[PDB]
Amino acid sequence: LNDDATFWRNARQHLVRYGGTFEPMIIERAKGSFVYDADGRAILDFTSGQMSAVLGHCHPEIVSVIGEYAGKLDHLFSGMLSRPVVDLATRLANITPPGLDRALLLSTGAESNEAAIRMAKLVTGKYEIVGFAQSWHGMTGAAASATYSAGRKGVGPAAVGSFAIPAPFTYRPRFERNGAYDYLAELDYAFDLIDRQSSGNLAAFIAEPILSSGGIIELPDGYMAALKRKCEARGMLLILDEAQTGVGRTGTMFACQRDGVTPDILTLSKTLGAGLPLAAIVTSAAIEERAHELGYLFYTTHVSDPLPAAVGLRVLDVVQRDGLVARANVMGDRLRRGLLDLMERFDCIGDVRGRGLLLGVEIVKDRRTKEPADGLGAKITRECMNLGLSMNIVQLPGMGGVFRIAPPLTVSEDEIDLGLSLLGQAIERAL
């Protein structure tokens, strides 16, 4: 049992608490779309862990490559190259759109965003960074400074030159023009104010294609194209953080492929390492060349380490060969329709949004007031778990609590149905 009192005593005495609460169970093993507790109870992992287990837990091919390299090529001095690094950088150039040529292989999501923000700053000679008011880019300095969905209070000033604009949120619109939510006029209005505040040092805009932590908010039609133009007109780079959207989760290899808008710098992480710490930035030859001339520096302990790179290479291979990107659309369709049926059944489901296998379900009191259903969100989450379904709700100011659903791309038809099943029971048991 999950109750090993020595265990919980040690957890309590020697762990730093870092946000949230610890689930009251001890996870002993993981395989495919499931995690197992100390009792042996299978818990269906509908979040792919911290949204990273793209191939589910302990994928045989992943296990193999890790082994293969653990005992062959592990970690190196950062000036030394090896085959997996060059292979992975080459693959990344080949599968991203034209205009993205060169890669930097790192360890975490925040790290990737920091390296990108640092390069933008260097290359432009400027320093002001603009993000969305509901963003999530990481916990480290610059990454945190561009993060507005949370973490801004009680920890000192933010980086000098930080600005946010409101993200286009079709569910709860707030900017109108002629009895219509004009998200493009909102965007124009947002930039006007930025322009007035700027000290004349706008360097970059950083954005997630779909704001995950912010509540599964998809940038609507024409937006990204509009945003890139605002940047271009101002001499700003556009940095696209696809930590959650990259590597096939939304139905395209990269979310940016859907709009056909290619960013100046693309950052990847979570999905790319398949549970392991691996991340990257991909930029154009022109930008890298200039950064170089200018003395760009981002030298860390694990930059270009062979083991993680070799894992990333295998992840890409499997995704391509097994057509997991298409799979994402087919399974997402099945999952989405299921959620729509629940929404038919239950009045507390106010919205079902997202794309491919990055879906959001917003819980509400009144499907008309769209009044946030406080409390409800958490009982649901609670019953889900009892029922054997791991869910994650995010609760932000002014909107209803949002369930972030993101199962492995290797998820089965059956697992999807099990999830829908459990979720339905959790809801009815909760009201």
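We number the residues from 1 along the sequence you see.
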| On average, which has the higher Cα B-factor in the deposited entry, 373-381 or 48-56? | 373-381
| request: May I ask you to compare 189-197 and 339-347 by their mean CA B factor in the entry and name the higher one? | output: 339-347
| request: Could you check 274, 324, 240, 105 and tell me which one carries the biggest Cα B-factor in the deposited entry? | output: 274
| request: Determine which member of 73, 210, 164, 266 has the highest CA B-factor, using the values in the deposited entry. | output: 73
| request: Sort the modelled residues of this chain by their C-alpha B factor and say whether residue 36 lands in the lowest, middle or highest third. | output: middle
| query | According to the PDB entry, is the CA B factor of residue 27 in the bottom, middle or top third of its chain, that is, lowest, middle or highest? | reply | middle
| task | Check where residue 399 lands among this chain's C-alpha B-factors and tell me if it's the lowest, middle or highest third. | result | highest
| query | Compared with the other modelled residues in the chain, in which third is the CA B-factor of residue 15? | reply | lowest
| task | Within this chain's modelled residues, let me know which third the CA B factor of residue 131 belongs to: lowest, middle or highest. | result | lowest
